[PDB]
Amino acid sequence: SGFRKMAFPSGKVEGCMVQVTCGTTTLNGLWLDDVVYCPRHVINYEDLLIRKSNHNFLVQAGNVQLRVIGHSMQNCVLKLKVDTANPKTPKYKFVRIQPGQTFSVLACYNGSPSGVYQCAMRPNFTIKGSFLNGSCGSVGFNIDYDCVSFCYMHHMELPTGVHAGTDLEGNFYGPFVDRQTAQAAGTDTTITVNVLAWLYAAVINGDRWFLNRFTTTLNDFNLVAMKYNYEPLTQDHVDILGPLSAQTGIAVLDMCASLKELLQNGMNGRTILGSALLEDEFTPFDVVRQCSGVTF
Amino acid sequence: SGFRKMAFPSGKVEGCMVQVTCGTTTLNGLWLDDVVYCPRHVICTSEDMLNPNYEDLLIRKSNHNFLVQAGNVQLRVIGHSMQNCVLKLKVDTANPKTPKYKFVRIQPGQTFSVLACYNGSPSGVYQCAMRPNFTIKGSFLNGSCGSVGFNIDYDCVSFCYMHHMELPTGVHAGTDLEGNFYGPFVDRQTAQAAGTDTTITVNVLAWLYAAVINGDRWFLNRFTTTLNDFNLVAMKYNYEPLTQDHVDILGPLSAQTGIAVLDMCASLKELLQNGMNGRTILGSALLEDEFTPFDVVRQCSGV
Ligand SMILES: CC(C)(O)c1ccc2cncc(NC(=O)[C@@H]3CCNc4ccc(Cl)cc43)c2c1
Ligand SMILES: CC(C)(O)c1ccc2cncc(NC(=O)[C@@H]3CCNc4ccc(Cl)cc43)c2c1
Ligand SMILES: [Cl-]
C-alpha cells in the first residue's frame, strides 16, 4: 500500500554527469561514450562557436579533466568529442516525449548530482521543476528494462518560475528559444488521462468515496472538461486506461462521471491519496508500474 | 525557482542491493563490505510470525541455508549473527561498490530517501519522513522488506531505515540499521496499530519560509504569538508541540526572510483557522510537513 511521486533509480545517469566550463560559464554535461552533450548557450551561435578551440572547453568528470578533441553543434545542443570513452556508459536511447508523459530529473550543479524528482511535460511544453542557477545541462529520463531513455536537457527558467529545455537532439519542447528575450509559458491545462489514472490508483488503494452509479459519453465528458481547462480525452486515452478499468471493475466513462462530479462540486473537505487537488503527474503506465513492483 | 519533494540520487545505494532467500521467503539485503544486512523475519514462515522465537529458528540454520544473490552472481555466506531485529550475513566477497557510509538513528520529523526494491532489484526512489507516531507513509508492496532509507549529505551515505512491515492502515514500520525498531512495534503478526498521527509543526513552518523565499507572502499577517499560546492552538488541530529547539533550528530561515519565528507561527495559526480560500502554497492546497528546515535550506535559493 501507499502511493508516492516516485522517480526511477538515478545511478545509471549519475555515472554520466560531468561539469563543462567555457569562459566564465559553468554548467552540466552528459558524457556518453566519447561525446559530452550540453546546452549550446555555454559558448549567432555559428559565429561564436567558430571562434572557439577545443582547449577552450574545460570538461571535468569527478576529479579528472577530460580533453576535448572535437566539437559540433546539433540544434540547441553542443557535442564535445572527448579523448576518453565513459566506462560507465549505460545502454541508452535518445527519445522525444509528448506532453502528458512523465520522467525523472537528476538535478546537478557543477557536474555533481544533488537530487532526483519526478515530473511531467505540461501541455504548454514547460516542466514545473526545481532548478537554481547552474542547473543547465541537468537531464530527464525514463528506464525501460536496463536501457536509459534520455528525453530532456534543462536550458532555462521562464519568468513564472517554470522550466524549458530540449530533447537530447537539441530540439526545444515548446515555442521557446535559447536566448535572453521576452518569453512566457502559454496558458496551461490539466492532463485528463493522468487524473483518471490517479483516480484508479486511489481506488486500488481503497479510496472509493468519489465513485458513483453514473456513466457519461465521451462527447458530454469533453464538453464539461473543456470548461474546466482540462485537456480533451481521446479514444486513445480510453484504450490506454483499459487495464486499470479491468483491475478495478470501473469503466473509463464510469470514472469520467466521477471526475465530472469532482470538477462541478469539489472534494467537500475530503482528500484523495492525501491530496486536496486532482493530481495529473502520474500516467496510466506509472500507476501500473508502482502498483505492481516493476524493477530496474 | 520551484519546490519539489526531492530525493537523494540513489546510485550509491543501488550498488549495495542484494536478494536474500531462506527457504521459501525472498527479500532484500544491504551489502556493505563483507556483510549483508536484512530483516530477521526472512527465517520465518507465515505461521512462525504469530509468536516467533527467532533464537530457536536461527540455531537450526547453517550458512548454506541462506542464498544471497548480487546481480547474476551468488555470494557465499560464511557466517551469521543476529543483532536486535536484523540478521547480519557474513559473505566471502567484500562489495567493491561499498560507498563511504554511517548508520544513523533518526528522530520523528526527520526526512529521508527510500530506494524501494524487489528481488534485490531497485524499482524506484521517493522522499518521505519519520512520522511523529514512528511510522512512514511509504509505497511498498509485498517483497519490499529489506528496502532502505538514507540521506547523502556530501559523499557519505547515512543509512537510517530498513523496511520490515506494513500495518493495517497501510502505513509502514521498520528499524534503524542496528535492528532497533522505530516506535512500539515488534516483528511479529500481532495486533499492533499506529498511534494517532500528528502534523510535524517545525516542518510546516520551514515550508512556509520556503514559500516566502520563492515569492509568496499572501498568508502572512500583522500579528505575533507567544510560544505557549501557539501550542495551545496547534494541539487543537493535532499539530505537534513546537519547542524552543524548533524555534532555534528555524533561526537561519527567519534571518534570510526577515520574518520572526513567532510571527510565522501567527500566520500558521491563521491558516489553521481560515484554510486557504481557493489558494495554494508552493502548488499545494494542504499544509506540507515532509520538508525539514535543513531540506528547505538545501533546495531553496540563498537569495
Ligand atoms: C534568475 C536566474 C539567476 O538567472 C536563474 C534562476 C534559476 C534558473 C533555473 N534554471 C536555469 C536558469 N538559467 C537560465 O535561465 C539562463 C540565465 C538567464 N538567462 C537565460 C537565457 C537563455 C537561456 Cl537558454 C538560459 C538562461 C536559471 C537562472
Ligand atoms: C498485507 C500484505 C499483502 O501481506 C503486504 C502488503 C504490503 C507490504 C509492504 N511491506 C511489507 C509487507 N510485509 C509484511 O508486513 C510481512 C508479511 C505480513 N505480516 C508481517 C508481519 C510482521 C512482519 Cl515484521 C512482516 C510481515 C507487506 C505485506
Ligand atoms: Cl534526526
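Atom set for the values below is all heavy atoms of this structure, side chains included, hydrogens, waters and symmetry mates excluded. Throughout, protein chains are lettered first and strands after them, A, B, ... in sequence-line order, and every chain is numbered starting at 1.
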Can you tell me how far apart [atom1] ([X]) and [atom2] ([Y]) are? Round to the nearest 0.5 Å.
| X | Y | atom1 | atom2 | result |
| --- | --- | --- | --- | --- |
| B/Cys85 | B/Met162 | SG | CE | 11.5 Å |
| A/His154 | A/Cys136 | NE2 | SG | 5.0 Å |
| B/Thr26 | B/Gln19 | OG1 | CD | 5.0 Å |
| B/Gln83 | B/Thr175 | CD | OG1 | 9.5 Å |
| B/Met49 | B/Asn51 | CE | CG | 10.0 Å |
| B/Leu32 | B/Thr98 | CG | OG1 | 5.5 Å |

Do [X] side-chain atoms and [Y] backbone N/O form a donor-acceptor pair below 3.5 Å?
| X | Y | result |
| --- | --- | --- |
| B/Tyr118 | B/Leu141 | yes |
| B/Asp56 | B/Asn53 | no |
| A/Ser10 | A/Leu106 | no |
| A/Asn194 | A/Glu279 | no |
| B/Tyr182 | B/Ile106 | yes |
| A/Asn28 | A/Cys108 | yes |

With respect to B/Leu89, which candidate in B/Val20, B/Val42, B/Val18 satisfies the side-chain contact (heavy atoms from CB on, under 4.5 Å) definition?
B/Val20
If every non-hydrogen atom of [X] is compared with every non-hydrogen atom of [Y], which pair is closest and at what distance?
| X | Y | value |
| --- | --- | --- |
| A/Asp207 | A/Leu273 | OD2-N, 3.0 Å |
| B/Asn95 | B/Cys16 | ND2-CA, 3.6 Å |
| B/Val36 | B/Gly29 | CG1-CA, 4.0 Å |
| B/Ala129 | B/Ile200 | CB-CD1, 4.4 Å |
| B/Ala194 | B/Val171 | CB-CG2, 4.2 Å |
| B/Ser139 | B/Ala116 | O-CB, 4.4 Å |

Partners passing ring pair (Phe, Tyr, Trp, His ring centres under 6.0 Å) against B/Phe294 (at least two apart in sequence or in another chain):
none
Can you sort out the partners of A/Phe57 under ring pair (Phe, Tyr, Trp, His ring centres under 6.0 Å), two or more places apart, ordered by chain and number?
A/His71
Contact list for [range], test salt bridge (charged side-chain N to carboxylate O under 4.0 Å, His left out), sequence neighbours left out:
| range | value |
| --- | --- |
| residues 24-41 of chain B | B/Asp34-B/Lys90, B/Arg40-B/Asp187 |
| residues 125-141 of chain B | B/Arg131-B/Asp197, B/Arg131-B/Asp289, B/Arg131-B/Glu290 |
| residues 11-32 of chain B | B/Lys12-B/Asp155 |
| residues 42-54 of chain B | none |

Parallel, tilted or perpendicular: rings of B/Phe3 and B/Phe291 (30°, 60°):
tilted
Is the ring pair A/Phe141/A/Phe8 parallel, tilted or perpendicular, if the boundaries are 30 and 60 degrees?
tilted
Kindly write out the residues that satisfy side chain to side chain contact (heavy atoms under 4.5 Å, CB included) with A/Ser292, not counting sequence neighbours, or none if the list is empty.
A/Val294
Among all residues two or more places apart in sequence or in another chain, which pass the side chain to side chain contact (heavy atoms under 4.5 Å, CB included) test with B/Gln74?
B/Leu67
Contact between [X] and [Y] at the side-chain level, heavy atoms closer than 4.5 Å - yes or no?
| X | Y | result |
| --- | --- | --- |
| A/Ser112 | A/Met17 | no |
| A/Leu244 | A/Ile204 | yes |
| B/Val157 | B/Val13 | yes |
| B/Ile43 | B/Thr25 | no |
| B/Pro39 | B/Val86 | no |

Any chance the side chains of [X] and [Y] put a donor and an acceptor closer than 3.5 Å?
| X | Y | answer |
| --- | --- | --- |
| B/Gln127 | B/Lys5 | no |
| A/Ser1 | B/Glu166 | yes |
| A/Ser149 | A/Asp144 | yes |
| A/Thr283 | A/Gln101 | no |

Scan residues 43-65 of chain B for pairs that pass ring pair (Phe, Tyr, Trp, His ring centres under 6.0 Å), counting only residues two or more places apart or in two chains.
none
A/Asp167: partners by salt bridge (charged side-chain N to carboxylate O under 4.0 Å, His left out), with sequence neighbours left out
A/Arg96
Given the options B/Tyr101, B/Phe159, B/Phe103, B/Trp31, B/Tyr37 meets ring pair (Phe, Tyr, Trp, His ring centres under 6.0 Å) only with B/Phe103
Quickly, which of B/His172, B/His164, B/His41 forms a ring pair (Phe, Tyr, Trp, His ring centres under 6.0 Å) with B/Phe181? Name it, please.
B/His164
Let's go through A/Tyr145 and A/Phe296 carefully: what are the C-alpha distance in whole Å and the side-chain angles of both, what is the deciding distance for ring pair (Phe, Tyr, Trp, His ring centres under 6.0 Å) to 0.1 Å, and is it a yes or a no?
CA-CA 6 Å; A/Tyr145 312 97; A/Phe296 313 94; 8.4 Å; no
So for atom NZ, which belongs to A/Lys88, do other residues, nucleotides or ligands contribute more than 12 heavy atoms lying within a distance under 6.0 Å?
no
Crowded around B/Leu50 CG? As in, over 12 foreign heavy atoms under 6.0 Å?
yes
Qualifying side-chain hydrogen bond (donor to acceptor under 3.5 Å, both in side chains) pairs with a residue from residues 143-152 of chain B, counting only residues at least two apart or across chains
none
Any residue meeting side-chain hydrogen bond (donor to acceptor under 3.5 Å, both in side chains) with A/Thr295, in chain and number order, not counting sequence neighbours:
none
Should the pair A/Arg289-A/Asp286 be classified as a salt bridge under the 4.0 Å nitrogen-to-oxygen rule?
yes
So, B/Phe185 versus B/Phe134, ring centres under 6.0 angstrom or not?
no
